[PDB]
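The next block is run38.pdb, given as PDB, N, CA and C atoms.
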```
ATOM      1  N   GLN A 173       0.847  -1.214   0.000  1.00  0.00           N
ATOM      2  CA  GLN A 173       0.000   0.000   0.000  1.00  0.00           C
ATOM      3  C   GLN A 173       0.869   1.245   0.000  1.00  0.00           C
ATOM      4  N   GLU A 174       0.504   2.221  -0.813  1.00  0.00           N
ATOM      5  CA  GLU A 174       1.263   3.457  -0.899  1.00  0.00           C
ATOM      6  C   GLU A 174       0.589   4.533  -0.066  1.00  0.00           C
ATOM      7  N   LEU A 175       0.828   4.480   1.234  1.00  0.00           N
ATOM      8  CA  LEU A 175       0.189   5.380   2.172  1.00  0.00           C
ATOM      9  C   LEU A 175       1.218   5.982   3.115  1.00  0.00           C
ATOM     10  N   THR A 176       1.117   7.279   3.336  1.00  0.00           N
ATOM     11  CA  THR A 176       2.020   7.972   4.236  1.00  0.00           C
ATOM     12  C   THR A 176       1.308   8.342   5.531  1.00  0.00           C
ATOM     13  N   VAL A 177       1.958   8.059   6.645  1.00  0.00           N
ATOM     14  CA  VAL A 177       1.408   8.345   7.952  1.00  0.00           C
ATOM     15  C   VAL A 177       2.179   9.484   8.611  1.00  0.00           C
ATOM     16  N   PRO A 178       1.474  10.498   9.137  1.00  0.00           N
ATOM     17  CA  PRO A 178       2.119  11.593   9.852  1.00  0.00           C
ATOM     18  C   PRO A 178       2.557  11.162  11.252  1.00  0.00           C
ATOM     19  N   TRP A 179       3.770  10.648  11.332  1.00  0.00           N
ATOM     20  CA  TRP A 179       4.311  10.151  12.588  1.00  0.00           C
ATOM     21  C   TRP A 179       4.628  11.287  13.548  1.00  0.00           C
ATOM     22  N   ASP A 180       4.897  12.461  13.002  1.00  0.00           N
ATOM     23  CA  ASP A 180       5.147  13.640  13.822  1.00  0.00           C
ATOM     24  C   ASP A 180       3.871  14.066  14.535  1.00  0.00           C
ATOM     25  N   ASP A 181       2.795  14.172  13.766  1.00  0.00           N
ATOM     26  CA  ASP A 181       1.507  14.596  14.296  1.00  0.00           C
ATOM     27  C   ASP A 181       0.955  13.551  15.247  1.00  0.00           C
ATOM     28  N   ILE A 182       1.158  12.287  14.904  1.00  0.00           N
ATOM     29  CA  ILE A 182       0.713  11.199  15.749  1.00  0.00           C
ATOM     30  C   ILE A 182       1.495  11.191  17.052  1.00  0.00           C
ATOM     31  N   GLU A 183       2.802  11.433  16.981  1.00  0.00           N
ATOM     32  CA  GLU A 183       3.612  11.502  18.186  1.00  0.00           C
ATOM     33  C   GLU A 183       3.129  12.627  19.084  1.00  0.00           C
ATOM     34  N   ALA A 184       2.695  13.727  18.478  1.00  0.00           N
ATOM     35  CA  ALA A 184       2.181  14.857  19.236  1.00  0.00           C
ATOM     36  C   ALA A 184       0.853  14.505  19.888  1.00  0.00           C
ATOM     37  N   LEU A 185       0.059  13.710  19.186  1.00  0.00           N
ATOM     38  CA  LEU A 185      -1.234  13.285  19.689  1.00  0.00           C
ATOM     39  C   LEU A 185      -1.058  12.349  20.871  1.00  0.00           C
ATOM     40  N   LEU A 186      -0.146  11.403  20.730  1.00  0.00           N
ATOM     41  CA  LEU A 186       0.139  10.451  21.788  1.00  0.00           C
ATOM     42  C   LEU A 186       0.894  11.119  22.923  1.00  0.00           C
ATOM     43  N   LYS A 187       1.625  12.167  22.590  1.00  0.00           N
ATOM     44  CA  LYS A 187       2.343  12.949  23.581  1.00  0.00           C
ATOM     45  C   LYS A 187       1.340  13.634  24.494  1.00  0.00           C
ATOM     46  N   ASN A 188       0.323  14.213  23.875  1.00  0.00           N
ATOM     47  CA  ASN A 188      -0.783  14.828  24.591  1.00  0.00           C
ATOM     48  C   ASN A 188      -1.620  13.777  25.314  1.00  0.00           C
ATOM     49  N   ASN A 189      -1.836  12.654  24.647  1.00  0.00           N
ATOM     50  CA  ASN A 189      -2.645  11.566  25.184  1.00  0.00           C
ATOM     51  C   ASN A 189      -1.992  10.975  26.427  1.00  0.00           C
ATOM     52  N   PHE A 190      -0.670  10.960  26.416  1.00  0.00           N
ATOM     53  CA  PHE A 190       0.121  10.406  27.498  1.00  0.00           C
ATOM     54  C   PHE A 190       0.868  11.509  28.230  1.00  0.00           C
ATOM     55  N   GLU A 191       0.230  12.690  28.271  1.00  0.00           N
ATOM     56  CA  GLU A 191       0.572  13.862  29.135  1.00  0.00           C
ATOM     57  C   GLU A 191       1.160  13.548  30.539  1.00  0.00           C
ATOM     58  N   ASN A 192       2.038  12.576  30.612  1.00  0.00           N
ATOM     59  CA  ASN A 192       2.645  12.127  31.855  1.00  0.00           C
ATOM     60  C   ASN A 192       3.675  11.053  31.543  1.00  0.00           C
ATOM     61  N   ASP A 193       3.270  10.109  30.710  1.00  0.00           N
ATOM     62  CA  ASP A 193       4.100   8.968  30.375  1.00  0.00           C
ATOM     63  C   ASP A 193       4.699   9.127  28.986  1.00  0.00           C
ATOM     64  N   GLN A 194       5.787   9.875  28.899  1.00  0.00           N
ATOM     65  CA  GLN A 194       6.478  10.069  27.631  1.00  0.00           C
ATOM     66  C   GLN A 194       7.063   8.748  27.163  1.00  0.00           C
ATOM     67  N   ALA A 195       7.478   7.944  28.130  1.00  0.00           N
ATOM     68  CA  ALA A 195       7.933   6.587  27.868  1.00  0.00           C
ATOM     69  C   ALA A 195       6.848   5.776  27.169  1.00  0.00           C
ATOM     70  N   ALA A 196       5.597   6.076  27.488  1.00  0.00           N
ATOM     71  CA  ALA A 196       4.477   5.388  26.874  1.00  0.00           C
ATOM     72  C   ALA A 196       4.263   5.925  25.474  1.00  0.00           C
ATOM     73  N   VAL A 197       4.462   7.232  25.312  1.00  0.00           N
ATOM     74  CA  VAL A 197       4.424   7.854  23.991  1.00  0.00           C
ATOM     75  C   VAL A 197       5.406   7.149  23.064  1.00  0.00           C
ATOM     76  N   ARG A 198       6.590   6.873  23.592  1.00  0.00           N
ATOM     77  CA  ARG A 198       7.610   6.160  22.845  1.00  0.00           C
ATOM     78  C   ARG A 198       7.114   4.789  22.439  1.00  0.00           C
ATOM     79  N   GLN A 199       6.725   4.008  23.435  1.00  0.00           N
ATOM     80  CA  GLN A 199       6.344   2.620  23.224  1.00  0.00           C
ATOM     81  C   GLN A 199       5.184   2.491  22.241  1.00  0.00           C
ATOM     82  N   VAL A 200       4.245   3.427  22.297  1.00  0.00           N
ATOM     83  CA  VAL A 200       3.080   3.359  21.432  1.00  0.00           C
ATOM     84  C   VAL A 200       3.453   3.761  20.012  1.00  0.00           C
ATOM     85  N   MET A 201       4.308   4.772  19.879  1.00  0.00           N
ATOM     86  CA  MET A 201       4.731   5.238  18.567  1.00  0.00           C
ATOM     87  C   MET A 201       5.603   4.202  17.879  1.00  0.00           C
ATOM     88  N   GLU A 202       6.449   3.545  18.655  1.00  0.00           N
ATOM     89  CA  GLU A 202       7.378   2.569  18.112  1.00  0.00           C
ATOM     90  C   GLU A 202       6.646   1.284  17.755  1.00  0.00           C
ATOM     91  N   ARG A 203       5.553   1.011  18.457  1.00  0.00           N
ATOM     92  CA  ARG A 203       4.760  -0.175  18.173  1.00  0.00           C
ATOM     93  C   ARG A 203       3.852   0.083  16.972  1.00  0.00           C
ATOM     94  N   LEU A 204       3.357   1.311  16.860  1.00  0.00           N
ATOM     95  CA  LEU A 204       2.591   1.728  15.687  1.00  0.00           C
ATOM     96  C   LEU A 204       3.446   1.677  14.425  1.00  0.00           C
ATOM     97  N   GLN A 205       4.686   2.139  14.530  1.00  0.00           N
ATOM     98  CA  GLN A 205       5.594   2.159  13.385  1.00  0.00           C
ATOM     99  C   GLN A 205       6.031   0.749  13.013  1.00  0.00           C
ATOM    100  N   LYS A 206       6.407  -0.029  14.019  1.00  0.00           N
ATOM    101  CA  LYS A 206       6.794  -1.412  13.806  1.00  0.00           C
ATOM    102  C   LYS A 206       5.635  -2.182  13.196  1.00  0.00           C
ATOM    103  N   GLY A 207       4.469  -2.028  13.801  1.00  0.00           N
ATOM    104  CA  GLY A 207       3.268  -2.649  13.294  1.00  0.00           C
ATOM    105  C   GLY A 207       2.940  -2.222  11.881  1.00  0.00           C
ATOM    106  N   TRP A 208       3.178  -0.959  11.571  1.00  0.00           N
ATOM    107  CA  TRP A 208       2.994  -0.458  10.217  1.00  0.00           C
ATOM    108  C   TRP A 208       3.899  -1.226   9.254  1.00  0.00           C
ATOM    109  N   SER A 209       5.104  -1.529   9.717  1.00  0.00           N
ATOM    110  CA  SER A 209       6.069  -2.276   8.925  1.00  0.00           C
ATOM    111  C   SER A 209       5.712  -3.766   8.875  1.00  0.00           C
ATOM    112  N   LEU A 210       4.937  -4.232   9.843  1.00  0.00           N
ATOM    113  CA  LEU A 210       4.541  -5.636   9.889  1.00  0.00           C
ATOM    114  C   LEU A 210       3.269  -5.882   9.084  1.00  0.00           C
ATOM    115  N   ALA A 211       2.381  -4.899   9.084  1.00  0.00           N
ATOM    116  CA  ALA A 211       1.080  -5.027   8.444  1.00  0.00           C
ATOM    117  C   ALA A 211       1.123  -4.600   6.983  1.00  0.00           C
ATOM    118  N   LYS A 212       2.316  -4.527   6.412  1.00  0.00           N
ATOM    119  CA  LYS A 212       2.459  -4.174   5.008  1.00  0.00           C
ATOM    120  C   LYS A 212       2.040  -5.341   4.116  1.00  0.00           C
TER     121      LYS A 212
ATOM    122  N   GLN B 173       2.524  -5.262  26.106  1.00  0.00           N
ATOM    123  CA  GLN B 173       2.542  -3.855  26.564  1.00  0.00           C
ATOM    124  C   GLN B 173       1.131  -3.380  26.861  1.00  0.00           C
ATOM    125  N   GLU B 174       0.969  -2.679  27.970  1.00  0.00           N
ATOM    126  CA  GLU B 174      -0.334  -2.172  28.364  1.00  0.00           C
ATOM    127  C   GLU B 174      -0.453  -0.707  27.977  1.00  0.00           C
ATOM    128  N   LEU B 175      -0.752  -0.478  26.710  1.00  0.00           N
ATOM    129  CA  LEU B 175      -0.816   0.864  26.164  1.00  0.00           C
ATOM    130  C   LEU B 175      -2.093   1.050  25.359  1.00  0.00           C
ATOM    131  N   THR B 176      -2.753   2.174  25.563  1.00  0.00           N
ATOM    132  CA  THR B 176      -3.971   2.482  24.840  1.00  0.00           C
ATOM    133  C   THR B 176      -3.716   3.565  23.797  1.00  0.00           C
ATOM    134  N   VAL B 177      -4.205   3.330  22.593  1.00  0.00           N
ATOM    135  CA  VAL B 177      -4.038   4.263  21.498  1.00  0.00           C
ATOM    136  C   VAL B 177      -5.372   4.917  21.154  1.00  0.00           C
ATOM    137  N   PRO B 178      -5.406   6.254  21.036  1.00  0.00           N
ATOM    138  CA  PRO B 178      -6.616   6.960  20.635  1.00  0.00           C
ATOM    139  C   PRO B 178      -6.869   6.822  19.136  1.00  0.00           C
ATOM    140  N   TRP B 179      -7.591   5.776  18.781  1.00  0.00           N
ATOM    141  CA  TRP B 179      -7.883   5.480  17.386  1.00  0.00           C
ATOM    142  C   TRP B 179      -8.875   6.474  16.802  1.00  0.00           C
ATOM    143  N   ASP B 180      -9.696   7.059  17.656  1.00  0.00           N
ATOM    144  CA  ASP B 180     -10.638   8.084  17.223  1.00  0.00           C
ATOM    145  C   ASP B 180      -9.891   9.345  16.807  1.00  0.00           C
ATOM    146  N   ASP B 181      -8.988   9.786  17.674  1.00  0.00           N
ATOM    147  CA  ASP B 181      -8.214  10.994  17.428  1.00  0.00           C
ATOM    148  C   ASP B 181      -7.272  10.790  16.258  1.00  0.00           C
ATOM    149  N   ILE B 182      -6.704   9.595  16.170  1.00  0.00           N
ATOM    150  CA  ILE B 182      -5.814   9.266  15.075  1.00  0.00           C
ATOM    151  C   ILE B 182      -6.581   9.228  13.765  1.00  0.00           C
ATOM    152  N   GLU B 183      -7.788   8.666  13.780  1.00  0.00           N
ATOM    153  CA  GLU B 183      -8.612   8.640  12.582  1.00  0.00           C
ATOM    154  C   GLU B 183      -8.924  10.055  12.129  1.00  0.00           C
ATOM    155  N   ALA B 184      -9.120  10.957  13.086  1.00  0.00           N
ATOM    156  CA  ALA B 184      -9.397  12.351  12.769  1.00  0.00           C
ATOM    157  C   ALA B 184      -8.169  13.021  12.174  1.00  0.00           C
ATOM    158  N   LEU B 185      -7.002  12.630  12.668  1.00  0.00           N
ATOM    159  CA  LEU B 185      -5.748  13.183  12.188  1.00  0.00           C
ATOM    160  C   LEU B 185      -5.487  12.732  10.763  1.00  0.00           C
ATOM    161  N   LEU B 186      -5.701  11.451  10.514  1.00  0.00           N
ATOM    162  CA  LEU B 186      -5.510  10.885   9.190  1.00  0.00           C
ATOM    163  C   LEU B 186      -6.615  11.333   8.253  1.00  0.00           C
ATOM    164  N   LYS B 187      -7.767  11.632   8.822  1.00  0.00           N
ATOM    165  CA  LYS B 187      -8.891  12.141   8.058  1.00  0.00           C
ATOM    166  C   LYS B 187      -8.539  13.511   7.504  1.00  0.00           C
ATOM    167  N   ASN B 188      -7.957  14.331   8.366  1.00  0.00           N
ATOM    168  CA  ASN B 188      -7.457  15.644   7.987  1.00  0.00           C
ATOM    169  C   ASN B 188      -6.254  15.526   7.057  1.00  0.00           C
ATOM    170  N   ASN B 189      -5.386  14.572   7.359  1.00  0.00           N
ATOM    171  CA  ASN B 189      -4.166  14.348   6.593  1.00  0.00           C
ATOM    172  C   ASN B 189      -4.501  13.913   5.173  1.00  0.00           C
ATOM    173  N   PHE B 190      -5.580  13.159   5.052  1.00  0.00           N
ATOM    174  CA  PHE B 190      -6.030  12.628   3.780  1.00  0.00           C
ATOM    175  C   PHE B 190      -7.332  13.291   3.357  1.00  0.00           C
ATOM    176  N   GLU B 191      -7.463  14.569   3.744  1.00  0.00           N
ATOM    177  CA  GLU B 191      -8.478  15.552   3.255  1.00  0.00           C
ATOM    178  C   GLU B 191      -8.928  15.420   1.775  1.00  0.00           C
ATOM    179  N   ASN B 192      -9.119  14.204   1.319  1.00  0.00           N
ATOM    180  CA  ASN B 192      -9.495  13.906  -0.053  1.00  0.00           C
ATOM    181  C   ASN B 192      -9.713  12.408  -0.193  1.00  0.00           C
ATOM    182  N   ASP B 193      -8.773  11.647   0.343  1.00  0.00           N
ATOM    183  CA  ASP B 193      -8.789  10.201   0.220  1.00  0.00           C
ATOM    184  C   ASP B 193      -9.236   9.555   1.526  1.00  0.00           C
ATOM    185  N   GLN B 194     -10.543   9.501   1.734  1.00  0.00           N
ATOM    186  CA  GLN B 194     -11.098   8.873   2.927  1.00  0.00           C
ATOM    187  C   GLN B 194     -10.797   7.383   2.906  1.00  0.00           C
ATOM    188  N   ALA B 195     -10.786   6.831   1.702  1.00  0.00           N
ATOM    189  CA  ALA B 195     -10.379   5.451   1.483  1.00  0.00           C
ATOM    190  C   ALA B 195      -8.966   5.215   1.997  1.00  0.00           C
ATOM    191  N   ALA B 196      -8.133   6.242   1.910  1.00  0.00           N
ATOM    192  CA  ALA B 196      -6.768   6.144   2.389  1.00  0.00           C
ATOM    193  C   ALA B 196      -6.754   6.245   3.900  1.00  0.00           C
ATOM    194  N   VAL B 197      -7.630   7.092   4.439  1.00  0.00           N
ATOM    195  CA  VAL B 197      -7.817   7.181   5.884  1.00  0.00           C
ATOM    196  C   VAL B 197      -8.145   5.804   6.445  1.00  0.00           C
ATOM    197  N   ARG B 198      -9.019   5.095   5.743  1.00  0.00           N
ATOM    198  CA  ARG B 198      -9.391   3.746   6.129  1.00  0.00           C
ATOM    199  C   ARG B 198      -8.179   2.840   6.137  1.00  0.00           C
ATOM    200  N   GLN B 199      -7.520   2.761   4.992  1.00  0.00           N
ATOM    201  CA  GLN B 199      -6.411   1.839   4.799  1.00  0.00           C
ATOM    202  C   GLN B 199      -5.284   2.085   5.802  1.00  0.00           C
ATOM    203  N   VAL B 200      -5.036   3.347   6.127  1.00  0.00           N
ATOM    204  CA  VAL B 200      -3.955   3.673   7.039  1.00  0.00           C
ATOM    205  C   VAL B 200      -4.347   3.333   8.469  1.00  0.00           C
ATOM    206  N   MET B 201      -5.602   3.594   8.826  1.00  0.00           N
ATOM    207  CA  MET B 201      -6.083   3.310  10.170  1.00  0.00           C
ATOM    208  C   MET B 201      -6.161   1.814  10.416  1.00  0.00           C
ATOM    209  N   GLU B 202      -6.570   1.076   9.395  1.00  0.00           N
ATOM    210  CA  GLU B 202      -6.740  -0.361   9.515  1.00  0.00           C
ATOM    211  C   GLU B 202      -5.387  -1.056   9.528  1.00  0.00           C
ATOM    212  N   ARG B 203      -4.402  -0.441   8.885  1.00  0.00           N
ATOM    213  CA  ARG B 203      -3.059  -1.000   8.865  1.00  0.00           C
ATOM    214  C   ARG B 203      -2.335  -0.665  10.166  1.00  0.00           C
ATOM    215  N   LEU B 204      -2.599   0.520  10.701  1.00  0.00           N
ATOM    216  CA  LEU B 204      -2.086   0.903  12.014  1.00  0.00           C
ATOM    217  C   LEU B 204      -2.641  -0.005  13.109  1.00  0.00           C
ATOM    218  N   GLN B 205      -3.930  -0.306  13.031  1.00  0.00           N
ATOM    219  CA  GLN B 205      -4.579  -1.151  14.031  1.00  0.00           C
ATOM    220  C   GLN B 205      -4.118  -2.596  13.903  1.00  0.00           C
ATOM    221  N   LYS B 206      -4.093  -3.094  12.674  1.00  0.00           N
ATOM    222  CA  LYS B 206      -3.621  -4.441  12.410  1.00  0.00           C
ATOM    223  C   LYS B 206      -2.175  -4.576  12.858  1.00  0.00           C
ATOM    224  N   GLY B 207      -1.358  -3.620  12.448  1.00  0.00           N
ATOM    225  CA  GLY B 207       0.026  -3.588  12.853  1.00  0.00           C
ATOM    226  C   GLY B 207       0.193  -3.516  14.353  1.00  0.00           C
ATOM    227  N   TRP B 208      -0.675  -2.771  15.016  1.00  0.00           N
ATOM    228  CA  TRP B 208      -0.669  -2.703  16.471  1.00  0.00           C
ATOM    229  C   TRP B 208      -0.894  -4.096  17.055  1.00  0.00           C
ATOM    230  N   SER B 209      -1.763  -4.858  16.405  1.00  0.00           N
ATOM    231  CA  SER B 209      -2.066  -6.216  16.827  1.00  0.00           C
ATOM    232  C   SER B 209      -0.940  -7.182  16.447  1.00  0.00           C
ATOM    233  N   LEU B 210      -0.135  -6.811  15.461  1.00  0.00           N
ATOM    234  CA  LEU B 210       0.970  -7.658  15.022  1.00  0.00           C
ATOM    235  C   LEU B 210       2.232  -7.387  15.833  1.00  0.00           C
ATOM    236  N   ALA B 211       2.417  -6.137  16.222  1.00  0.00           N
ATOM    237  CA  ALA B 211       3.624  -5.710  16.913  1.00  0.00           C
ATOM    238  C   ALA B 211       3.491  -5.857  18.422  1.00  0.00           C
ATOM    239  N   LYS B 212       2.527  -6.650  18.867  1.00  0.00           N
ATOM    240  CA  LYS B 212       2.345  -6.882  20.292  1.00  0.00           C
ATOM    241  C   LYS B 212       3.428  -7.811  20.833  1.00  0.00           C
TER     242      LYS B 212
END
```
Just give me the structure as structure tokens.
Amino acid sequence: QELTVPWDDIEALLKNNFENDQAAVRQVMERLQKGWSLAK
Amino acid sequence: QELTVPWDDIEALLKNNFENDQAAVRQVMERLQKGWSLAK
């Protein structure tokens, strides 16, 4: 699939969503990206 | 990992990001979710 995901904007969303757990922002973003690479 | 992702907010972000291709919003959200389930 030829689709581009705004990882910057998503990181900002998860950053806000995890307004305490930046470590969680990391884990969720890295799992989303990894998963994006797995679900290709 | 015990992490919750705002799929609603992300869908809105991708909806805005793909301000033309709602079909792409679908494909990206479904691949992010599937990938989330794969990268567990």
Name the residues in contact with residue 212 (chain B) at a cut-off of 8 Å, using only N, CA and C atoms, excluding same-chain residues fewer than 4 positions from it; report them as an NGL selection string.
(:A and (203 or 206-207)) or (:B and (173 or 206-208))
Emit the selected residues as a short mmCIF file (atom, residue, chain, number, x, y, z; two decimals), in the coordinates of the input, including N, CA and C atoms.
```cif
data_model
loop_
_atom_site.label_atom_id
_atom_site.label_comp_id
_atom_site.auth_asym_id
_atom_site.auth_seq_id
_atom_site.Cartn_x
_atom_site.Cartn_y
_atom_site.Cartn_z
N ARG A 203 5.55 1.01 18.46
CA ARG A 203 4.76 -0.18 18.17
C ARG A 203 3.85 0.08 16.97
N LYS A 206 6.41 -0.03 14.02
CA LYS A 206 6.79 -1.41 13.81
C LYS A 206 5.64 -2.18 13.20
N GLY A 207 4.47 -2.03 13.80
CA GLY A 207 3.27 -2.65 13.29
C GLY A 207 2.94 -2.22 11.88
N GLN B 173 2.52 -5.26 26.11
CA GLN B 173 2.54 -3.86 26.56
C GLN B 173 1.13 -3.38 26.86
N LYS B 206 -4.09 -3.09 12.67
CA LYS B 206 -3.62 -4.44 12.41
C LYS B 206 -2.17 -4.58 12.86
N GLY B 207 -1.36 -3.62 12.45
CA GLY B 207 0.03 -3.59 12.85
C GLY B 207 0.19 -3.52 14.35
N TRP B 208 -0.68 -2.77 15.02
CA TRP B 208 -0.67 -2.70 16.47
C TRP B 208 -0.89 -4.10 17.06
#
```
Using only N, CA and C atoms, find each residue in chain A having at least one atom no more than 8 Å away from chain B; report its shortest atom-to-atom pair and that distance in Å (one decimal), rows by chain then rising number, as a tab-separated table.
```
residue	atom	partner	partner_atom	distance
A:174	C	B:196	CA	7.9
A:175	CA	B:200	CA	6.6
A:176	C	B:200	CA	7.2
A:177	CA	B:200	CA	7.2
A:178	N	B:186	CA	7.0
A:181	C	B:185	CA	7.4
A:182	CA	B:182	CA	6.8
A:185	CA	B:181	C	7.4
A:186	CA	B:178	N	7.0
A:189	CA	B:178	N	7.3
A:196	CA	B:175	CA	7.0
A:199	C	B:175	CA	7.4
A:200	CA	B:175	CA	6.6
A:202	C	B:211	CA	7.7
A:203	C	B:208	CA	5.3
A:204	CA	B:208	CA	5.6
A:205	N	B:207	C	7.2
A:206	C	B:211	CA	5.5
A:207	C	B:207	CA	3.4
A:208	N	B:207	CA	4.3
A:209	N	B:207	CA	6.3
A:210	C	B:207	CA	5.5
A:211	N	B:207	CA	4.6
A:212	N	B:203	CA	6.9
```
Okay, now the selection with N, CA and C atoms, as a tab-separated table (two decimals), in the coordinates of the input?
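Once written, part-v1.tsv looks like this:
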```
chain	number	residue	atom	x	y	z
A	174	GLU	N	0.50	2.22	-0.81
A	174	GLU	CA	1.26	3.46	-0.90
A	174	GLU	C	0.59	4.53	-0.07
A	175	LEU	N	0.83	4.48	1.23
A	175	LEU	CA	0.19	5.38	2.17
A	175	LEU	C	1.22	5.98	3.12
A	176	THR	N	1.12	7.28	3.34
A	176	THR	CA	2.02	7.97	4.24
A	176	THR	C	1.31	8.34	5.53
A	177	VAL	N	1.96	8.06	6.64
A	177	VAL	CA	1.41	8.35	7.95
A	177	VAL	C	2.18	9.48	8.61
A	178	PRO	N	1.47	10.50	9.14
A	178	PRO	CA	2.12	11.59	9.85
A	178	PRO	C	2.56	11.16	11.25
A	181	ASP	N	2.80	14.17	13.77
A	181	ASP	CA	1.51	14.60	14.30
A	181	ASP	C	0.96	13.55	15.25
A	182	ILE	N	1.16	12.29	14.90
A	182	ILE	CA	0.71	11.20	15.75
A	182	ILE	C	1.50	11.19	17.05
A	185	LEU	N	0.06	13.71	19.19
A	185	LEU	CA	-1.23	13.28	19.69
A	185	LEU	C	-1.06	12.35	20.87
A	186	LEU	N	-0.15	11.40	20.73
A	186	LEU	CA	0.14	10.45	21.79
A	186	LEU	C	0.89	11.12	22.92
A	189	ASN	N	-1.84	12.65	24.65
A	189	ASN	CA	-2.64	11.57	25.18
A	189	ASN	C	-1.99	10.98	26.43
A	196	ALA	N	5.60	6.08	27.49
A	196	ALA	CA	4.48	5.39	26.87
A	196	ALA	C	4.26	5.92	25.47
A	199	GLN	N	6.72	4.01	23.44
A	199	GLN	CA	6.34	2.62	23.22
A	199	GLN	C	5.18	2.49	22.24
A	200	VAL	N	4.24	3.43	22.30
A	200	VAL	CA	3.08	3.36	21.43
A	200	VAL	C	3.45	3.76	20.01
A	202	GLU	N	6.45	3.54	18.66
A	202	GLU	CA	7.38	2.57	18.11
A	202	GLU	C	6.65	1.28	17.76
A	203	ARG	N	5.55	1.01	18.46
A	203	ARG	CA	4.76	-0.18	18.17
A	203	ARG	C	3.85	0.08	16.97
A	204	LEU	N	3.36	1.31	16.86
A	204	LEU	CA	2.59	1.73	15.69
A	204	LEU	C	3.45	1.68	14.42
A	205	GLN	N	4.69	2.14	14.53
A	205	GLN	CA	5.59	2.16	13.38
A	205	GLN	C	6.03	0.75	13.01
A	206	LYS	N	6.41	-0.03	14.02
A	206	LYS	CA	6.79	-1.41	13.81
A	206	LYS	C	5.64	-2.18	13.20
A	207	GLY	N	4.47	-2.03	13.80
A	207	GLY	CA	3.27	-2.65	13.29
A	207	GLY	C	2.94	-2.22	11.88
A	208	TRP	N	3.18	-0.96	11.57
A	208	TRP	CA	2.99	-0.46	10.22
A	208	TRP	C	3.90	-1.23	9.25
A	209	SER	N	5.10	-1.53	9.72
A	209	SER	CA	6.07	-2.28	8.93
A	209	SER	C	5.71	-3.77	8.88
A	210	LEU	N	4.94	-4.23	9.84
A	210	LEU	CA	4.54	-5.64	9.89
A	210	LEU	C	3.27	-5.88	9.08
A	211	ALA	N	2.38	-4.90	9.08
A	211	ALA	CA	1.08	-5.03	8.44
A	211	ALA	C	1.12	-4.60	6.98
A	212	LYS	N	2.32	-4.53	6.41
A	212	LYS	CA	2.46	-4.17	5.01
A	212	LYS	C	2.04	-5.34	4.12
```
Please report the interatomic distance between atom C of residue 193 (chain B) and atom C of residue 180 (chain B) in Å with one decimal.
15.3 Å
Exercise on region 193-201 of chain A, axis-aligned box with 8 Å per side, report centre and edge lengths in Å to one decimal, as lines of an AutoDock Vina configuration file:
```
center_x = 5.5
center_y = 6.3
center_z = 24.3
size_x = 20.9
size_y = 23.6
size_z = 28.8
```
What is the atom N of residue 195 (chain B)-CA of residue 198 (chain A) distance in Å, reported with one decimal?
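CA of residue 198 (chain A) lies at a distance of 28.0 Å from atom N of residue 195 (chain B).
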Two-atom distance - atom N of residue 188 (chain A), CA of residue 179 (chain B) (Å)
13.6 Å
Write down as JSON, numbers by chain the residues of chain B whose backbone DSSP state falls under helix (DSSP H, G or I).
{"B": [179, 180, 181, 182, 183, 184, 185, 186, 187, 188, 189, 194, 195, 196, 197, 198, 199, 200, 201, 202, 203, 204, 205, 206, 207, 208, 209, 210]}
